[PDB]
Amino acid sequence: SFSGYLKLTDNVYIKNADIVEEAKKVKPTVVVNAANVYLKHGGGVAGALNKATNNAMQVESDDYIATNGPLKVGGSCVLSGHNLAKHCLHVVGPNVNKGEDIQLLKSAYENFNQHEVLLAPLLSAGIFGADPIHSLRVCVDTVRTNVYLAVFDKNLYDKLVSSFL
Ligand SMILES: OCC1CCN(c2ncccn2)CC1
């Protein structure tokens, strides 16, 4: 199971970890991807998770988009976790760098409530441009299921822990 996490609340845990390495070690039931509406896993967490699957995530995703069309910002879909997890929950947080509504971050986190336990990154953080402190706050105030957050950046991890109210 999950090890080395700092407990923030009854159901939220956090660790300074590379989510790909964490997923390869834990093999969780669900790993969350920081997806975009097109499931184009180019960079950030998505690029890294897809590279770990040897592009199998992208091949599966392109078939999903060809059949269903794009996701909504704030929405999600469950696809295979490939070699990383049983399932991957592709969740689209708002991308501030694309001018998307930050209010959609709560809707994005609500997708996590459909899964009893998840390994996840902070939604809309990193290259999505939102304030990770705000993302952690929305996570704690929205997710009720057990969420194990992996924060890649040590300096950001320390700032998130030290400023957590
Ligand atoms: O390219 C190497 C990386 C794999 C780890 N990443 C991550 N993990 C957890 C939370 C946020 N980012 C960033 C990319």
Side-chain angles (χ1 to χ4, degrees), residues 1-9 11-58 60-61 73-74 76 78-98 100 102 104-106 108-109 111-112 115 117-143 145-164:
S1 73
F2 293 94
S3 73
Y5 285 77
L6 174 70
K7 185 168 178 60
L8 295 177
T9 72
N11 64 299
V12 179
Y13 294 81
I14 194 162
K15 186 185 180 176
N16 173 35
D18 174 331
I19 195 172
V20 170
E21 292 309 307
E22 194 67 11
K24 287 172 177 168
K25 186 169 70 102
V26 173
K27 308 183 166 180
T29 302
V30 178
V31 65
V32 174
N33 181 32
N36 54 54
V37 297
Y38 306 108
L39 303 180
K40 284 305 187 204
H41 309 305
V45 166
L49 292 173
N50 176 57
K51 178 180 178 190
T53 75
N54 182 43
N55 211 52
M57 177 182 286
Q58 189 64 65
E60 177 195 32
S61 294
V73 175
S76 72
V78 179
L79 290 174
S80 180
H82 299 277
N83 56 317
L84 305 173
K86 179 171 188 197
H87 306 292
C88 179
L89 179 71
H90 295 272
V91 180
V92 184
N95 188 324
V96 174
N97 301 317
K98 297 180 177 174
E100 297 165 351
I102 198 54
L104 293 166
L105 185 54
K106 188 173 183 75
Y109 273 116
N111 294 284
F112 286 28
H115 299 281
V117 59
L118 314 89
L119 168 61
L122 285 170
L123 299 180
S124 297
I127 70 179
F128 280 62
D131 179 354
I133 296 178
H134 175 62
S135 184
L136 177 56
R137 173 47 41 202
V138 177
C139 181
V140 156
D141 292 345
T142 305
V143 183
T145 56
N146 295 322
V147 60
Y148 289 84
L149 296 167
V151 177
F152 180 59
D153 197 276
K154 179 251 201 212
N155 293 320
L156 173 59
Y157 170 82
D158 288 347
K159 185 168 136 79
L160 287 165
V161 171
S162 70
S163 63
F164 184 62

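Nothing fancy with the numbering, it's 1 onward along the sequence. Order of listing sets the numbers, starting from 1, for every ligand and every atom in it. Computed from heavy atoms alone, side chains included, the values below leave out hydrogens, waters and symmetry copies.
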> Looking only at heavy atoms, which two atoms of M57 and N50 are closest? And how far apart?
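Minimum heavy-atom contact is CB-OD1, 3.4 Å.
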> Which heavy atom of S3 sits nearest to which heavy atom of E22, and what is that distance?
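Heavy-atom minimum between the residues: O-OE2, 4.5 Å.
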> For atom 8 (N) of ligand 1, grab the closest protein heavy atom and report residue, atom and distance to one decimal in Å.
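The closest one turns out to be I19 N, 3.1 Å.
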> For atom 5 (C) of ligand 1, which protein heavy atom lies nearest, and how many Å away is it?
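The answer is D18 OD1, 3.2 Å.
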> Which residue supplies the protein heavy atom nearest to atom 7 (C) of ligand 1, what is that atom called, and how far is it?
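I find the closest protein heavy atom is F152 CB, 3.3 Å.
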> Hey, what do you get for SG (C88) to CG (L39), rounding to the nearest 0.5 Å?
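Output value for this atom pair is 9.0 Å.
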> Of all the heavy atoms in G126, does at least one lie under 4.0 Å from an atom in ligand 1?
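In this structure, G126 fails to qualify as a contact of ligand 1 - no heavy atom is under 4.0 Å.
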> Can you check side-chain contact (heavy atoms from CB on, under 4.5 Å) on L84 and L119, steps first, answer last?
CA-CA 11 Å; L84 305 173; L119 168 61; over 6 Å; no
> For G129, is there any backbone N or O sitting under 3.5 Å from a side-chain donor or acceptor partner on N95?
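Checking the backbone N and O of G129 against the side chain of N95, no donor-acceptor pair under 3.5 Å is found.
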> Applying a 4.0 Å heavy-atom criterion (strictly less than), which segment of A125 is in contact with ligand 1: side chain, backbone, both, or neither?
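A125 to ligand 1: no contact under 4.0 Å from either part.
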> Checking a contact table here: which protein heavy atom is nearest atom 14 (C) of ligand 1, and how many Å away?
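The protein heavy atom lying closest is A48 CB, 4.0 Å.
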> One residue to check: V45. Relative to ligand 1, which of side chain, backbone, both or neither has a non-hydrogen atom less than 4.0 Å away?
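It is the side chain that gets close, since no backbone atom is under 4.0 Å.
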> Please compare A17, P121, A34, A150 and report which has the shortest non-hydrogen distance to atom 10 (C) of ligand 1.
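When every heavy atom of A17, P121, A34, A150 is considered, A150 comes closest to atom 10 (C) of ligand 1.
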> What orientation do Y148 and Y5 show, parallel under 30°, tilted 30 to 60°, or perpendicular over 60°?
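Perpendicular: the ring planes of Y148 and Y5 meet at over 60°.
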